[PDB]
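Student: This structure is in C-alpha cells; I'll ask about it shortly.
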Amino acid sequence: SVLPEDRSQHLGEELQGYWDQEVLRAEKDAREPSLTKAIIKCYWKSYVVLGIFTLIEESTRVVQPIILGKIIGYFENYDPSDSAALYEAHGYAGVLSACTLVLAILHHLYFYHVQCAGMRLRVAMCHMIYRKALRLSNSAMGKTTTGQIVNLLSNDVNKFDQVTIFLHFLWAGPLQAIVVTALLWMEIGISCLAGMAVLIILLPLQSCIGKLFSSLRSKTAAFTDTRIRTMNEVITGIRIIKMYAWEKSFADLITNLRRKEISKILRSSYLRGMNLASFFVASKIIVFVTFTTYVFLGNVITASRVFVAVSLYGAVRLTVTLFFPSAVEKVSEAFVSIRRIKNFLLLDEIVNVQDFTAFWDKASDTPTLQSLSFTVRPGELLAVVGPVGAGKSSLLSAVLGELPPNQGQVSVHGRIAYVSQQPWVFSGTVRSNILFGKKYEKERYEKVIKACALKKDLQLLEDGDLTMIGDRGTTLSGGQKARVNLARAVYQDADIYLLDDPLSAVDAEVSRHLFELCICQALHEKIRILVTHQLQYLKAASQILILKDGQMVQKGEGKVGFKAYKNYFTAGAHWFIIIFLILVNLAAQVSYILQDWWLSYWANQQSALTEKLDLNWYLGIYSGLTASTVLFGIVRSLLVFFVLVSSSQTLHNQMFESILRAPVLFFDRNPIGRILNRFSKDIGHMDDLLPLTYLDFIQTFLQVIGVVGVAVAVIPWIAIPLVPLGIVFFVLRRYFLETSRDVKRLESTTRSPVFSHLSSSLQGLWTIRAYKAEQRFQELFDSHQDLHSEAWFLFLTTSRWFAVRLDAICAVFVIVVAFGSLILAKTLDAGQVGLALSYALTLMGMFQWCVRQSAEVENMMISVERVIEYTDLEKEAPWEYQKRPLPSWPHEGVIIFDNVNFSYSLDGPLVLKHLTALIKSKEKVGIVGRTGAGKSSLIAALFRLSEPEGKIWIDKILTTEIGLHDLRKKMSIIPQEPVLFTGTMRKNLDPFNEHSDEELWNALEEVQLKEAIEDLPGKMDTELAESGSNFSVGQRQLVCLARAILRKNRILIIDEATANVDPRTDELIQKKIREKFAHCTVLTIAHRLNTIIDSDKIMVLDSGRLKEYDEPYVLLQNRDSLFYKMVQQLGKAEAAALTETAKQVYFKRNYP
Ligand SMILES: CCCCC[C@H](O)/C=C/[C@H]1[C@H](O)CC(=O)[C@@H]1C/C=C/CCCC(=O)O
C-alpha cells in the first residue's frame, strides 16, 4: 500500500495549511488571494532538489558529444600500426559507454520523481476540492451544478500530473543553450550564432503557439460541455423524442454544436501539429543554416566537427524546442485549472419556533418564510400542511438549522434526524446504507425493517440485504431506495424526527403502513414534525400547522484486430489519400536520413582531395534535401490530423444516426451511462489524444527504423548480434505486455469510484451534513483516493521497470556499434562511423518512448472499437415510405386493432395476444387493469415502438404500410413524466416554428401560464433552467399540455399523467382536457379511475388479453366484471360514488 508520505489525508492537509495562510496575508493587503502562491510555498523545497538530476544529466549530454569527437578522430588520423592510439581509442569507447548508462539512470530517476510530485499535487488538490464541497453555502450551491464540480476532478485536476514534468527545463534549457553556444564557439566559431538566431526565433513562436493553443482549447470546452449535456438529455429522453417525432430538431441542435466544436478541434490540431513538426525539422534547419554560413565563410566540412556539432544541437533540440515549449503550454493549461479551482475555493460557505422569518435569497420580493410561531414536545406528532410553495420543507430546514432566522428565534433539544423528500442512497451493501456506520443489531434491525415496510425487497434482492449497491442507488427501484433512505434515519433512534414527506415517495398502502407502524407506533415517544400531503392521516396528529403565503395562517475489449485499424483509417478518407499519407511519411524520413548521409558523403569526398568541391552542387543538393524534409514533415503532420479528425467526424455522424434510428429495445438493454460514455469518453479520445499519439508514435517509430537501417547499412555484421538482441526484446515485450494491460485495467476500475463518491456525496449533502457525518465521508474519499494511488503507483513503477531494461538493450546496441567499429576499423571510413555512432546515440531516449507509446495506441483503440460497434446497430422501419398518406388523413379518427400480438423482443414473451377492438371517431375510451397486464404495451403497439404482429388500421390505412413519421406525427401523446429540454420556451412549445407568437401566447393563456412567463426577463425567448428546474413538476406538466393544444390532431393518448400534479391543479388540467379536446377521439391510461368514469367505454386488460371493453355503467352493472371488482377494491365511498356517477351519466347519455 501507499506509504504515509503519499496518503491522502496527510498530503492534502499540508497544502490546505498554506492556502489558509495565504488568505490571511491577502486580507492584510488589499489584494485577492492567489492559489498559485500557496502551491509554490507548499512544494518548492522538495521540488528544487530534483534539479540536481537535470543539472548532472544535461552536463552529461554535453560531455557525450565531446567523447564522440575523440572516437571519430581515431578514424580520421588512422594508422594500423600504432597500438598506443588503439588502446586510448578503446578507452574513450569505455567512457562513452559509461556516459550512456549514467545518462540513462539519471533520466529515469528524474522522470520517475517529477511524476510522483505531480501525483501528490493532484492528490492534495482533490482533497481540498472535496473538503470545500461539503461546506458550500446552500444558496451558493445553486449556481454550480454537480456535474460542474465533478468535472473539476475528471478534467481539471488531471492537468497537474503533466505540469511538474518539464518545469526544470525552463532554466536548464536556456542555460544549456548558453553552454552549447560556448562549446560550439570553440569548434566552428562565429557560425555558431546563425544556429542560435534560429533558436531564439523558434522560442517565441513555439511559446505563442502554446498560448494560443490553450485559448482555443478553452473556447472549445464550452461547445463540448454543451454537446454532452444536450446528448445526455437526448439519450435520457429518447422515448419522448421518438413519440413526438422531434428527432429532426435534436439532429439540428447536435449537428451545429458538433460543427462548431469540430472546427475549433481542426484549428487546434493544426497548431499542435505545427508544434510537433517544428521539433522534427528544427535541428535540420539549425544544422542547415550553421553549415551553410560555415562554408560561405570559407571553412571545409570534416566528419569530426560535423557530427560533434550535430550531436550538440541534438541536445538543444530536446531541451529548448521540445521540453521548454511543453512546459509553457502545460503551465498555461495549469493556470486555467488553478483559476477554475480558485473560484470554487472562494465560493460562499422540545422544539420551539417563534416570529421566525428567513430568506434563501435577499433578492426575493418577500422573505421565503415568515412569522412562524409554534412549539412541539416529546410524544407529540406535528403535521405540517399547506399549498405548493408555502415553505413546508423550508420549515424543516429551519429546525435543522440550515435556514437561520432573519428575525424570530428557534430552539431544539435532543438528537435530530432528517429525511429528505428526494431519496438518497450510496454504495456498499444496502444494509450498510441503512447502518450508516452504526453497529449491527438484529433486535432493533428487524423492528426497523418491518416498520419501514422494507422486508420483502430485502428478501427478493439477489443476495438479500447484503447485495452491493451503486454509488447513487441506481441498482434499486424508487420505492426501494425511498424505504432504504427512511430506514437509515429510523435506525438512528433520534429524539426529533424531521420528515420531508417521505410518504409521498411510496404507494398509498405503503404510505399508511409507514405512517402507522413507524411514525405513529415505533416513534411514538418522539417529536415528529411531518410535512405531508397525506392530509387523510391528520386525525392521528397531536397538532397541525398550516402554512400559506410563506407564513403560518392556521393552527390546530482487451484486444483489437486489424479490421478496426483498416476501418478507422478508411472511414476518414478515400484509400487514395491513405496511400499518399503513407508515402509522405516514408519520404519525410528518407529525406531526413539522406540529409545526414549527405553530410557524411560530403565529409568523405572532401577527405579524398590544390582543388576544392563545387559548392553549387553540394550546397544545392543539401538545400533540396532540407526543403523536402521540411515540406514533407509539415504536410505529414497536418495530413495525419486531417484524416484522423475526419474519421472522428464521420464515425460520430454514423454513430449518432444509428442511435437516433435504434429501436427502444437498444436503450432498455444498455444503461444511459454506458451509451453516453461512447460520446463523452470514446469520441473525446478520438478528437484529442489519439491523433496526437498516432503522430507521436509514427514519427518516433520511423526514426528507430532509421537508426537500425543506418547501422546495418554501414556495418552489416551488426545483423548477427541484432538477432539475439532482437529475440531478447521480443521475449521482454511479450512478458511485459500482459502485466501492462493488467495494471491499465486495474487503474481504470480503481479510478471511477473516486468521481462516483463526489457525485454520491453532493446529492446527499443535506443528509450527511445533518448527521454530523463529514469526518467519516472524508475518510471514505481518502480510502478510494488511496486505493487508486496504489494502481497509479504500480503503473508508474512498472513503466520504469520496463523502460530501464529497454535502455539496457539500447546500451548494448551502442556498445556493439562503438567497439565493433574499432574492431572492424580497417574496413570503414570516418564519416561512415560518425554517421552510424551519432545515430546510435539518439536511440537511448527514443526507443523506450516508441515502445511505450505503442501500448498507448493499442489501449486507445478499444475506444475506437466501442464506437464502430454502434455504427452497426439495427434500425427501425424507415421514417417515410414510398406510399404516403393524403394530407387530409386522418379525418374521422377511427383506430382498429385486429389480431394484434406484441412483444418487446422477438425472443421475448408475448404480452398482448389476439388483441381485437374498434375505436370510433370522437369516442372516449379508458384503459384499466392490473400492474404488468400490458397497458404500456398498447402505446408501444400503436406507435410501433416494437413492430406488432397482425393488423392495425387508422381511417382504413394499415399503420404498418406507412412511414413511422407519417404515423407518429398524426397522434398526440401526453406523457406521465414531463420533460422540458434546455433552450427557450419557444423551442419547448414549438421546435420547428409553425405556430405564430400570437398562437403561442394564446396557448400559454389557455393553460393559464402566461403571467409567470411574462415575469421572466426575456419572456418567451428566455432560457429556461436545466431540466426545467425553475418549475415544479406540476408546472412543467402544463407545458406538455400546451404542446398538445398547439399540435392540432384528431387522436389523443393520455399517459396517466395528471395524478402527478398537485391536487388543486390536477383538477384544473383535468377540467381543461375535457374542454379543449372535445373534437378528438381520446385514449386514456389511468390509475385514478375517478378521472375516466364518464367515458363512453373502458378497456380492461387482465393479462395480455382484452377481457372487457364496454360502457362503464354496463361494466359495473355486471357485478362479476373485473371493472366492478376493481372499483369495489378501492373502498366503499369510492365504489358508491363511481357506481352512482356511472348510473347518472349512462342515463343522461341515453337521453339524446
Ligand atoms: C511529450 C513528448 C511528445 C513528443 C515526443 C517525441 O515524439 C519524441 C521524443 C523523444 C526523442 O526522440 C528522444 C527523447 O528523449 C524523447 C522522449 C521523451 C519524452 C519525455 C518523457 C520521457 C519518459 O517518460 O521517459
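Chain labels run A, B, ... following the order of the C-alpha cells; each chain numbers its residues from 1, and ligands are numbered from 1 in the order shown.
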Show me which residues sit within 7 Å of ligand 1 when counting only C-alpha atoms and all ligand atoms, and put them as JSON, numbers by chain.
Tutor: {"A": [108, 111, 276, 318, 696, 697, 699, 700, 842, 845, 846, 849]}
Student: At a cut-off of 10 Å, using only C-alpha atoms, what residues contact residue A:1048? Leave out same-chain residues fewer than 6 positions from it and give the result as a list in words.
Tutor: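 In the requested format, the answer is residues 970, 971, 972, 1077 and 1080 of chain A.
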Student: Go ahead and save the residues from that selection, with N, CA and C atoms, as a short mmCIF file (atom, residue, chain, number, x, y, z; two decimals), in the first residue's frame.
Tutor:
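Final file, result.cif:
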```
data_model
loop_
_atom_site.label_atom_id
_atom_site.label_comp_id
_atom_site.auth_asym_id
_atom_site.auth_seq_id
_atom_site.Cartn_x
_atom_site.Cartn_y
_atom_site.Cartn_z
N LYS A 970 -49.22 12.30 -36.70
CA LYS A 970 -50.67 12.44 -36.64
C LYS A 970 -51.30 11.89 -35.36
N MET A 971 -50.55 11.72 -34.28
CA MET A 971 -51.11 11.41 -32.97
C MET A 971 -50.46 12.31 -31.93
N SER A 972 -51.17 12.54 -30.82
CA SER A 972 -50.67 13.37 -29.73
C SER A 972 -50.58 12.57 -28.44
N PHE A 1077 -60.26 19.31 -25.91
CA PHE A 1077 -60.16 18.20 -26.85
C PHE A 1077 -61.51 17.55 -27.16
N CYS A 1080 -61.64 15.54 -30.38
CA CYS A 1080 -60.80 14.37 -30.57
C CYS A 1080 -61.46 13.06 -30.15
#
```
Student: Quick one: residues within 12 Å of residue A:175, only C-alpha atoms, excluding same-chain residues fewer than 2 positions away - as number ranges by chain?
Tutor: A: 54-55, 58-59, 62, 168-173, 177-182, 315-316, 319-320, 324
Student: Based on the selection just made, write N, CA, C and O atoms of those residues as a PDB file, in the first residue's frame.
Tutor:
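This is the output file out_23.pdb:
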```pdb
ATOM      1  N   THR A  54      18.618  16.930 -13.353  1.00  0.00           N
ATOM      2  CA  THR A  54      18.738  17.686 -14.600  1.00  0.00           C
ATOM      3  C   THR A  54      20.099  18.359 -14.745  1.00  0.00           C
ATOM      4  O   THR A  54      20.655  18.406 -15.847  1.00  0.00           O
ATOM      5  N   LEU A  55      20.632  18.928 -13.671  1.00  0.00           N
ATOM      6  CA  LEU A  55      21.971  19.508 -13.732  1.00  0.00           C
ATOM      7  C   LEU A  55      23.018  18.496 -14.202  1.00  0.00           C
ATOM      8  O   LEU A  55      23.750  18.744 -15.165  1.00  0.00           O
ATOM      9  N   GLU A  58      22.121  16.885 -17.905  1.00  0.00           N
ATOM     10  CA  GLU A  58      22.452  17.783 -19.006  1.00  0.00           C
ATOM     11  C   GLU A  58      23.950  18.030 -19.161  1.00  0.00           C
ATOM     12  O   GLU A  58      24.434  18.176 -20.285  1.00  0.00           O
ATOM     13  N   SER A  59      24.694  18.132 -18.062  1.00  0.00           N
ATOM     14  CA  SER A  59      26.154  18.116 -18.151  1.00  0.00           C
ATOM     15  C   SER A  59      26.671  16.903 -18.918  1.00  0.00           C
ATOM     16  O   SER A  59      27.583  17.015 -19.739  1.00  0.00           O
ATOM     17  N   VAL A  62      26.150  17.207 -22.758  1.00  0.00           N
ATOM     18  CA  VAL A  62      27.171  17.996 -23.457  1.00  0.00           C
ATOM     19  C   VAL A  62      28.539  17.307 -23.489  1.00  0.00           C
ATOM     20  O   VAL A  62      29.300  17.496 -24.440  1.00  0.00           O
ATOM     21  N   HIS A 168      11.759  22.190 -14.700  1.00  0.00           N
ATOM     22  CA  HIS A 168      13.208  22.407 -14.633  1.00  0.00           C
ATOM     23  C   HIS A 168      13.832  22.810 -15.962  1.00  0.00           C
ATOM     24  O   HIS A 168      14.876  23.463 -15.970  1.00  0.00           O
ATOM     25  N   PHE A 169      13.275  22.386 -17.084  1.00  0.00           N
ATOM     26  CA  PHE A 169      13.844  22.787 -18.365  1.00  0.00           C
ATOM     27  C   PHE A 169      13.569  24.248 -18.715  1.00  0.00           C
ATOM     28  O   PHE A 169      14.179  24.752 -19.662  1.00  0.00           O
ATOM     29  N   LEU A 170      12.667  24.932 -18.001  1.00  0.00           N
ATOM     30  CA  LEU A 170      12.540  26.385 -18.142  1.00  0.00           C
ATOM     31  C   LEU A 170      13.831  27.148 -17.849  1.00  0.00           C
ATOM     32  O   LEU A 170      14.050  28.212 -18.430  1.00  0.00           O
ATOM     33  N   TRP A 171      14.678  26.654 -16.954  1.00  0.00           N
ATOM     34  CA  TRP A 171      16.024  27.188 -16.749  1.00  0.00           C
ATOM     35  C   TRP A 171      17.122  26.340 -17.378  1.00  0.00           C
ATOM     36  O   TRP A 171      18.060  26.884 -17.958  1.00  0.00           O
ATOM     37  N   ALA A 172      17.042  25.023 -17.256  1.00  0.00           N
ATOM     38  CA  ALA A 172      18.078  24.148 -17.787  1.00  0.00           C
ATOM     39  C   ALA A 172      18.194  24.251 -19.304  1.00  0.00           C
ATOM     40  O   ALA A 172      19.298  24.170 -19.851  1.00  0.00           O
ATOM     41  N   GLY A 173      17.076  24.382 -20.007  1.00  0.00           N
ATOM     42  CA  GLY A 173      17.102  24.644 -21.428  1.00  0.00           C
ATOM     43  C   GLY A 173      17.875  25.867 -21.886  1.00  0.00           C
ATOM     44  O   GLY A 173      18.843  25.748 -22.641  1.00  0.00           O
ATOM     45  N   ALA A 177      21.554  25.930 -23.629  1.00  0.00           N
ATOM     46  CA  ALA A 177      21.776  26.693 -24.853  1.00  0.00           C
ATOM     47  C   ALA A 177      23.003  27.591 -24.755  1.00  0.00           C
ATOM     48  O   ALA A 177      23.801  27.669 -25.693  1.00  0.00           O
ATOM     49  N   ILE A 178      23.163  28.297 -23.638  1.00  0.00           N
ATOM     50  CA  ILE A 178      24.346  29.141 -23.452  1.00  0.00           C
ATOM     51  C   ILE A 178      25.630  28.313 -23.438  1.00  0.00           C
ATOM     52  O   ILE A 178      26.613  28.665 -24.096  1.00  0.00           O
ATOM     53  N   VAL A 179      25.669  27.240 -22.648  1.00  0.00           N
ATOM     54  CA  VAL A 179      26.839  26.358 -22.632  1.00  0.00           C
ATOM     55  C   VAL A 179      27.121  25.766 -24.013  1.00  0.00           C
ATOM     56  O   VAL A 179      28.252  25.807 -24.505  1.00  0.00           O
ATOM     57  N   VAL A 180      26.093  25.208 -24.656  1.00  0.00           N
ATOM     58  CA  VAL A 180      26.229  24.672 -26.013  1.00  0.00           C
ATOM     59  C   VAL A 180      26.752  25.723 -26.983  1.00  0.00           C
ATOM     60  O   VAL A 180      27.567  25.419 -27.859  1.00  0.00           O
ATOM     61  N   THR A 181      26.277  26.959 -26.876  1.00  0.00           N
ATOM     62  CA  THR A 181      26.848  28.023 -27.688  1.00  0.00           C
ATOM     63  C   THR A 181      28.335  28.200 -27.410  1.00  0.00           C
ATOM     64  O   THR A 181      29.117  28.422 -28.337  1.00  0.00           O
ATOM     65  N   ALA A 182      28.746  28.162 -26.143  1.00  0.00           N
ATOM     66  CA  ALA A 182      30.168  28.306 -25.844  1.00  0.00           C
ATOM     67  C   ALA A 182      30.990  27.129 -26.359  1.00  0.00           C
ATOM     68  O   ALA A 182      32.083  27.323 -26.897  1.00  0.00           O
ATOM     69  N   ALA A 315      21.226  17.888 -28.411  1.00  0.00           N
ATOM     70  CA  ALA A 315      20.906  18.231 -27.022  1.00  0.00           C
ATOM     71  C   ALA A 315      19.942  19.408 -26.913  1.00  0.00           C
ATOM     72  O   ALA A 315      18.905  19.319 -26.250  1.00  0.00           O
ATOM     73  N   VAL A 316      20.287  20.528 -27.539  1.00  0.00           N
ATOM     74  CA  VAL A 316      19.411  21.695 -27.622  1.00  0.00           C
ATOM     75  C   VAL A 316      18.050  21.339 -28.218  1.00  0.00           C
ATOM     76  O   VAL A 316      17.016  21.864 -27.794  1.00  0.00           O
ATOM     77  N   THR A 319      15.817  19.897 -25.172  1.00  0.00           N
ATOM     78  CA  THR A 319      15.507  20.779 -24.048  1.00  0.00           C
ATOM     79  C   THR A 319      14.801  22.066 -24.475  1.00  0.00           C
ATOM     80  O   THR A 319      13.870  22.511 -23.800  1.00  0.00           O
ATOM     81  N   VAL A 320      15.228  22.685 -25.568  1.00  0.00           N
ATOM     82  CA  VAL A 320      14.803  24.041 -25.911  1.00  0.00           C
ATOM     83  C   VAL A 320      13.615  24.060 -26.862  1.00  0.00           C
ATOM     84  O   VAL A 320      12.802  24.986 -26.812  1.00  0.00           O
ATOM     85  N   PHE A 324      11.137  22.813 -23.280  1.00  0.00           N
ATOM     86  CA  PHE A 324      10.746  24.181 -22.928  1.00  0.00           C
ATOM     87  C   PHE A 324       9.376  24.591 -23.460  1.00  0.00           C
ATOM     88  O   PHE A 324       8.544  25.042 -22.657  1.00  0.00           O
TER      89      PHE A 324
END
```
Student: What lies within 12 Å of residue A:1139 using only C-alpha atoms, ignoring chain neighbours under 4 positions off, as a VMD selection string?
Tutor: chain A and resid 1089 to 1090 1093 to 1094 1112 to 1119 1123 to 1128 1131 to 1135 1143 to 1146
Student: Skipping near chain neighbours, those fewer than 4 positions away, what residues fall within 10 Å of stretch 281-283 of chain A using only C-alpha atoms, listed as a PyMOL selection string?
Tutor: chain A and resi 195+198-199+202+276-277+287-289+310-311+313-318+321-322+588+592+626-627+629-634
Student: Could you write out that same residue set with N, CA, C and O atoms as a short mmCIF file (atom, residue, chain, number, x, y, z; two decimals), in the first residue's frame?
Tutor:
```cif
data_model
loop_
_atom_site.label_atom_id
_atom_site.label_comp_id
_atom_site.auth_asym_id
_atom_site.auth_seq_id
_atom_site.Cartn_x
_atom_site.Cartn_y
_atom_site.Cartn_z
N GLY A 195 22.94 29.42 -35.97
CA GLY A 195 22.03 28.42 -35.44
C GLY A 195 21.24 28.89 -34.24
O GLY A 195 20.07 28.54 -34.08
N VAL A 198 18.21 31.24 -35.19
CA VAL A 198 17.01 30.45 -35.46
C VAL A 198 16.36 30.03 -34.15
O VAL A 198 15.14 30.12 -33.97
N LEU A 199 17.16 29.52 -33.22
CA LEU A 199 16.66 29.06 -31.93
C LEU A 199 15.89 30.14 -31.17
O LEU A 199 14.85 29.85 -30.57
N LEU A 202 12.52 30.55 -32.94
CA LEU A 202 11.64 29.44 -32.57
C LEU A 202 11.05 29.60 -31.17
O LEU A 202 9.85 29.37 -30.97
N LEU A 276 4.74 20.02 -33.07
CA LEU A 276 5.50 18.77 -33.16
C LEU A 276 6.25 18.61 -34.48
O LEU A 276 7.28 17.94 -34.51
N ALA A 277 5.75 19.19 -35.57
CA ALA A 277 6.55 19.29 -36.80
C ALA A 277 7.81 20.13 -36.61
O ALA A 277 8.86 19.80 -37.17
N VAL A 287 21.10 23.01 -38.19
CA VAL A 287 22.29 22.45 -38.84
C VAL A 287 22.48 23.01 -40.25
O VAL A 287 23.61 23.26 -40.68
N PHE A 288 21.39 23.20 -41.01
CA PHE A 288 21.49 23.77 -42.35
C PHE A 288 22.06 25.19 -42.35
O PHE A 288 23.00 25.49 -43.10
N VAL A 289 21.50 26.09 -41.56
CA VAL A 289 22.00 27.47 -41.54
C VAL A 289 23.42 27.53 -41.00
O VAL A 289 24.23 28.34 -41.47
N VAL A 310 26.43 18.37 -34.89
CA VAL A 310 25.13 17.72 -34.99
C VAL A 310 24.68 17.15 -33.65
O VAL A 310 23.50 17.25 -33.28
N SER A 311 25.59 16.50 -32.93
CA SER A 311 25.23 15.90 -31.64
C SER A 311 24.96 16.94 -30.55
O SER A 311 24.06 16.74 -29.72
N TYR A 313 23.76 20.15 -31.10
CA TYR A 313 22.42 20.63 -31.43
C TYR A 313 21.33 19.62 -31.09
O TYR A 313 20.22 20.02 -30.72
N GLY A 314 21.59 18.34 -31.24
CA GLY A 314 20.65 17.35 -30.72
C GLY A 314 20.27 17.53 -29.26
O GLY A 314 19.11 17.33 -28.90
N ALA A 315 21.23 17.89 -28.41
CA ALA A 315 20.91 18.23 -27.02
C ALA A 315 19.94 19.41 -26.91
O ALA A 315 18.91 19.32 -26.25
N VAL A 316 20.29 20.53 -27.54
CA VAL A 316 19.41 21.69 -27.62
C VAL A 316 18.05 21.34 -28.22
O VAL A 316 17.02 21.86 -27.79
N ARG A 317 18.03 20.46 -29.22
CA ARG A 317 16.76 20.04 -29.83
C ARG A 317 15.78 19.45 -28.82
O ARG A 317 14.57 19.67 -28.93
N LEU A 318 16.24 18.65 -27.85
CA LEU A 318 15.31 18.18 -26.82
C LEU A 318 14.86 19.29 -25.88
O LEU A 318 13.67 19.59 -25.76
N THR A 321 13.51 23.09 -27.76
CA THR A 321 12.44 23.07 -28.75
C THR A 321 11.45 21.93 -28.56
O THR A 321 10.50 21.83 -29.34
N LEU A 322 11.64 21.06 -27.57
CA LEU A 322 10.57 20.17 -27.14
C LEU A 322 10.20 20.41 -25.68
O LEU A 322 9.03 20.67 -25.40
N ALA A 588 9.30 11.81 -45.82
CA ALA A 588 9.83 12.59 -44.70
C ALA A 588 11.09 11.98 -44.10
O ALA A 588 12.13 12.64 -43.99
N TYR A 592 15.05 12.94 -44.35
CA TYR A 592 15.74 13.19 -43.08
C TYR A 592 17.04 12.41 -42.97
O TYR A 592 18.10 12.98 -42.68
N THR A 626 17.04 19.34 -47.40
CA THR A 626 16.44 20.08 -46.28
C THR A 626 15.03 20.54 -46.59
O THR A 626 14.12 20.34 -45.78
N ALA A 627 14.83 21.22 -47.72
CA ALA A 627 13.49 21.72 -48.05
C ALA A 627 12.47 20.59 -48.16
O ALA A 627 11.36 20.71 -47.63
N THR A 629 12.64 17.68 -46.63
CA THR A 629 12.41 17.30 -45.24
C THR A 629 11.38 18.20 -44.57
O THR A 629 10.43 17.73 -43.94
N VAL A 630 11.59 19.51 -44.66
CA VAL A 630 10.67 20.49 -44.09
C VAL A 630 9.26 20.33 -44.67
O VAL A 630 8.28 20.23 -43.93
N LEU A 631 9.14 20.35 -45.99
CA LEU A 631 7.84 20.25 -46.63
C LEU A 631 7.08 18.98 -46.23
O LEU A 631 5.95 19.06 -45.74
N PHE A 632 7.67 17.81 -46.43
CA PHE A 632 7.01 16.57 -46.02
C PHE A 632 6.77 16.49 -44.51
O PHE A 632 5.74 15.97 -44.08
N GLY A 633 7.72 16.94 -43.71
CA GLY A 633 7.49 17.00 -42.27
C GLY A 633 6.26 17.79 -41.86
O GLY A 633 5.52 17.37 -40.97
N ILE A 634 6.07 18.97 -42.45
CA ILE A 634 4.82 19.72 -42.25
C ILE A 634 3.60 18.98 -42.79
O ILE A 634 2.67 18.67 -42.05
#
```
Student: Mind giving me the straight-line distance from atom CA of residue A:895 to atom CA of residue A:954 in Å, one decimal?
Tutor: 4.6 Å
Student: If you count only C-alpha atoms, which residues fall within 10 Å of residue A:65, apart from same-chain ones fewer than 4 positions away, as a count of residues only?
Tutor: 17
Student: Return the single residue from A:924, A:744, A:392, A:1105 that is closest to residue A:372, with distances computed using only C-alpha atoms.
Tutor: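 Of the candidates, the smallest distance to residue A:372 is held by A:392.
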Student: Would you pick out the contacts of stretch 228-237 of chain A at 12 Å or less, using only C-alpha atoms, so that residues sharing its chain but fewer than 6 positions from it are not included, and give the list as a ChimeraX atom specification?
Tutor: /A:145,147-148,221-222,243-244,246-258,261,656,659-660,662,664,666-668,670-681,683-684,975,977-983,1026-1028
Student: So, with only C-alpha atoms as the atoms that count, which of A:527, A:1069, A:184, A:857 lies closest to residue A:695?
Tutor: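 Among the listed residues, A:857 lies closest to residue A:695.
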Student: Enumerate as a VMD selection string all residues of stretch 473-627 of chain A assigned to helix (DSSP H, G or I) by DSSP on the backbone, naming them with the chain letters and numbers the document uses.
Tutor: chain A and resid 478 to 491 502 to 505 508 to 522 535 to 540 562 to 570 575 to 608 615 to 627
Student: My list of candidates is A:738, A:876, A:1075, A:22. Which is closest to residue A:855 when distances are computed with only C-alpha atoms?
Tutor: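 Between A:738, A:876, A:1075, A:22, the residue approaching residue A:855 most closely is A:738.
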Student: Using DSSP secondary structure from the backbone, list all strand (DSSP E or B) positions within stretch 455-515 of chain A, as a count of residues only.
Tutor: 7
Student: Under the rule that only C-alpha atoms are counted, which of A:139, A:663, A:93, A:852 is the nearest residue to residue A:816?
Tutor: A:93
Student: Identify which of the residues A:1106, A:274, A:1046, A:926 lies closest to residue A:901, counting only C-alpha atoms when measuring atom-to-atom distances.
Tutor: A:1106
Student: Please determine, counting only C-alpha atoms, which residue among A:648, A:364, A:290, A:8 has the shortest atom-to-atom distance to residue A:265.
Tutor: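 Between A:648, A:364, A:290, A:8, the residue approaching residue A:265 most closely is A:648.
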